[PDB]
**Student:** 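This is the structure I want to talk about, given as C-alpha cells.
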Amino acid sequence: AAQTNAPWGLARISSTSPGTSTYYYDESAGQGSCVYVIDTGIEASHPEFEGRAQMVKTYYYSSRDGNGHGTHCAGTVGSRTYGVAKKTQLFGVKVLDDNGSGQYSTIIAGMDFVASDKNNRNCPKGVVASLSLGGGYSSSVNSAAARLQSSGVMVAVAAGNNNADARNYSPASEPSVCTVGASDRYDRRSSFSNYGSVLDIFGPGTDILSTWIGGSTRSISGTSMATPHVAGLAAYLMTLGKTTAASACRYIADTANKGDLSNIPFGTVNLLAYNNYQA
Ligand SMILES: [Ca+2]
Ligand SMILES: [Ca+2]
C-alpha cells in the first residue's frame with residue numbers, strides 16, 4: 001500500500017534515503033496489536049482514530065486530554081492519516097495533567113497498571129507501550145519501566161530534549177527498554193535531542209504533523225514525537241510476525257538504516273528506524 005503526500009516522517013521510515021513523500025507499508029497495518037499511550041490522555045472521539053482509540057485509566061479528575069500532547073503522540077502511532085500502524089488498537093492512560101506535568105509515583109503507577117491491564121484485553125499480535133515523557137534520574141522510575149518490559153510489553157521511551165547525555169534522565173537511562181532519539185528531515189540529529197551510549201535508535205522528531213485536540217491538527221517537535229514512530233513500527237512488525245515484544249527493539253536496530261545521520265557524537269549509535277517494505 002502507499003500513502004502519497006505523507007508527513008515527511010512516515011515517508012522517511014519506509015525509505016533508504018531522505019527527501020521522499022510517499023509512505024509505503026503492508027496493508028495489515030498493525031491489526032491485531034495494541035499500543036498503550038501513557039501521556040496526557042487521548043481525544044478518542046477524533047475522526048482520525050476511526051473509533052480505534054479509548055481511555056482506560058486516568059489519575060486525575062477527568063480522562064479527557066486537555067493538553068493535546070497525548071493526542072498528538074497517539075496520532076503518530078495509529079491515526080489514519082498521520083500514523084505508522086493505521087489499524088492498531090490504541091489505549092490511553094492519563095498520568096500527566098493538562099499542563100503536561102506529573103509526579104513520579106503517578107507515572108510508576110501507570111506503568112504497573114498497563115502490565116496488569118493487558119491481561120484483560122484481546123491483543124493476539126502483541127502489546128506496545130509508548131512513553132513520551134521523562135525527567136531527572138530515578139532508579140524507581142527505571143525499575144518500573146524494566147518491570148513493564150519484562151512482563152511482555154514492548155516499551156519505547158523518549159531520550160529527552162536537553163541536548164545532553166540521556167544517562168542522567170529517567171526512564172531514558174533504563175537499558176532494558178527502547179530509548180528513542182530524534183532526527184530532522186535532512187537526516188541531522190535534532191538540535192535538542194539527547195544522545196549517549198544508552199540510546200538504541202533514532203526516529204523523526206522535528207516538525208511532526210499529527211492529530212490535536214478540538215478535532216484539529218498541528219506540527220510540533222521533540223523526542224516525544226520520535227518515540228511513537230518507533231512504538232508504531234514495533235506494533236506493525238509484530239503483526240507481520242517478524243519479531244516479538246522481547247526482541248522488537250533489537251530487531252529494529254538490526255534492520256535500521258545505518259550511517260545515514262549527521263551530527264551524531266562518538267559513542268552514540270547511527271541507526272534510523274526503517275520498515276524494510278518491498279511490494
Ligand atoms: Ca541511506
Ligand atoms: Ca535499550
Side-chain angles (χ1 to χ4, degrees), residues 6-20 23 25 72-73 76-77 82-85 128-134 145 154-169 171-210 219-237 243 247-277:
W8 79 262
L10 298 182
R12 188 60 192 92
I13 68 141
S14 70
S15 174
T16 54
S17 53
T20 63
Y23 177 33
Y25 64 102
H72 193 275
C73 295
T76 296
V77 177
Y82 312 102
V84 173
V128 179
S130 188
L131 287 96
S132 302
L133 51 84
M154 194 279 177
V155 178
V157 308
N161 298 325
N162 320 98
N163 189 35
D165 195 317
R167 73 199 299 150
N168 294 322
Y169 302 87
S173 58
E174 171 57 38
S176 70
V177 306
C178 207
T179 305
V180 178
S183 68
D184 73 15
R185 74 162 70 230
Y186 300 100
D187 279 355
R188 306 180 289 213
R189 182 179 57 93
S190 281
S191 61
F192 50 76
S193 177
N194 283 350
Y195 49 86
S197 54
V198 75
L199 264 71
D200 295 284
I201 195 78
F202 278 83
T206 300
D207 284 356
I208 304 300
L209 179 64
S210 187
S219 185
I220 55 172
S221 302
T223 56
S224 279
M225 316 327 133
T227 322
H229 279 89
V230 168
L233 175 62
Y236 171 88
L237 294 170
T243 192
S247 57
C249 189
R250 164 186 267 180
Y251 178 86
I252 284 166
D254 279 342
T255 52
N257 289 305
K258 313 185 171 57
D260 275 4
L261 297 172
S262 65
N263 197 15
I264 305 294
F266 192 79
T268 300
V269 293
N270 190 328
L271 305 162
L272 184 56
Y274 175 49
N275 80 356
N276 274 272
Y277 175 81

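In this chain, numbering begins with 1 at the start of the sequence shown.
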**Student:** Do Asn275 and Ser14 pair up side chain to side chain, a donor and an acceptor below 3.5 Å, judged on atom types alone?
**Tutor:**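 No pair is found: no donor N or O on one side chain lies under 3.5 Å from an acceptor on the other.
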
**Student:** To the nearest 0.5 Å, what is the distance between CD1 (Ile201) and CG (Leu233)?
**Tutor:** 8.5 Å

**Student:** How long is the straight-line distance from CG of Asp260 back to OG1 of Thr16, given to the nearest 0.5 Å?
**Tutor:**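 Here the rounded value is 7.5 Å.
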
**Student:** Is there side-chain contact between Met154 and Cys249, with at least one heavy-atom pair below 4.5 Å?
**Tutor:**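 Side-chain contact under 4.5 Å: yes.
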
**Student:** When rounded to the nearest 0.5 angstrom, what distance separates CG in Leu272 from CG in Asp187?
**Tutor:**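 If we round to the nearest 0.5 Å, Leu272:CG and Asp187:CG are 6.0 Å apart.
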
**Student:** Where the side chain of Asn257 meets the backbone of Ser15, is there a donor-acceptor pair that is under 3.5 Å apart?
**Tutor:** yes

**Student:** Which heavy atom in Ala6 sits nearest to a heavy atom in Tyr23, and how many Å separate them?
**Tutor:**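 Heavy atoms of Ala6 and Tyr23 come nearest at CB-CB, 3.8 Å.
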
**Student:** Over all heavy atoms of both residues, which pair between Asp200 and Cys178 is shortest? Give the atoms and the distance, please.
**Tutor:** OD2-CA, 3.6 Å

**Student:** Could you check whether any side-chain heavy atom of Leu10 comes within less than 4.5 Å of a side-chain heavy atom of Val84, counting everything from C-beta outward?
**Tutor:**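 Sidechains of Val84 and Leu10: in contact.
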
**Student:** If you measure only the distance, is there a donor-acceptor pair under 3.5 Å linking the side chains of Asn163 and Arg189?
**Tutor:** yes

**Student:** When rounded to the nearest 0.5 angstrom, what is the spacing between CZ in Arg167 and OG in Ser173?
**Tutor:** 9.5 Å

**Student:** Mark yes or no for whether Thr206, through its side chain, and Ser221, through its backbone, hold a donor-acceptor pair below 3.5 Å.
**Tutor:** no

**Student:** Report yes if some heavy atom in the side chain of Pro18 is under 4.5 Å from a heavy atom in the side chain of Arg12; otherwise report no.
**Tutor:**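 Yes; the side chains approach each other to less than 4.5 Å.
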
**Student:** Quick one: closest heavy-atom pair of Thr20 and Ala11, and the distance?
**Tutor:**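 In this case the closest contact between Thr20 and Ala11 is O-CB, 3.5 Å.
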
**Student:** Looking at every non-hydrogen atom in both residues, tell me the closest pair between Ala172 and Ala166 and how far apart they are.
**Tutor:**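 The answer is CB-O, 4.1 Å.
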
**Student:** Please answer whether the main-chain N or O of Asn162 pairs with a side-chain N or O of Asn194 as donor and acceptor at a distance below 3.5 Å.
**Tutor:**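 Side chain of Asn194 to backbone of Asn162: a pair is present.
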
**Student:** For the pair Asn270 (side chain) and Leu261 (backbone), establish whether a donor and an acceptor sit closer than 3.5 Å, ignoring hydrogens and angles.
**Tutor:**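 Side chain of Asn270 to backbone of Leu261, a donor-acceptor pair under 3.5 Å: yes, one is there.
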
**Student:** Mind checking the OG1-CZ spacing from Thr268 to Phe202? Nearest 0.5 Å is all I need.
**Tutor:** 6.0 Å

**Student:** Check for a donor-acceptor pair, side chain of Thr223 on one end and backbone N or O of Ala182 on the other, with a separation under 3.5 Å.
**Tutor:** no

**Student:** Look at the side chain of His72 and the backbone N and O of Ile208, then say whether any donor-acceptor pair between them is shorter than 3.5 Å.
**Tutor:** yes

**Student:** Would you say the side-chain atoms of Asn276 pair up with the backbone N or O of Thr255, donor to acceptor, closer than 3.5 Å?
**Tutor:**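 Such a contact is found between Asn276 side chain and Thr255 backbone.
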
**Student:** Please name the pair of heavy atoms, one in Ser183 and one in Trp8, separated by the smallest distance, quoted to 0.1 Å.
**Tutor:** O-CH2, 3.8 Å

**Student:** Any non-hydrogen side-chain atom of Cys73 less than 4.5 Å from a side-chain atom of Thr227?
**Tutor:** no

**Student:** Can you give me the closest heavy-atom contact between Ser224 and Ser132, atom names plus distance?
**Tutor:**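 Scanning both residues, the minimum pair turns out to be O-OG, 2.9 Å.
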
**Student:** Quick one: OG1 on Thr76 to CE on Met225, what's the gap to the nearest 0.5 Å?
**Tutor:** 8.0 Å

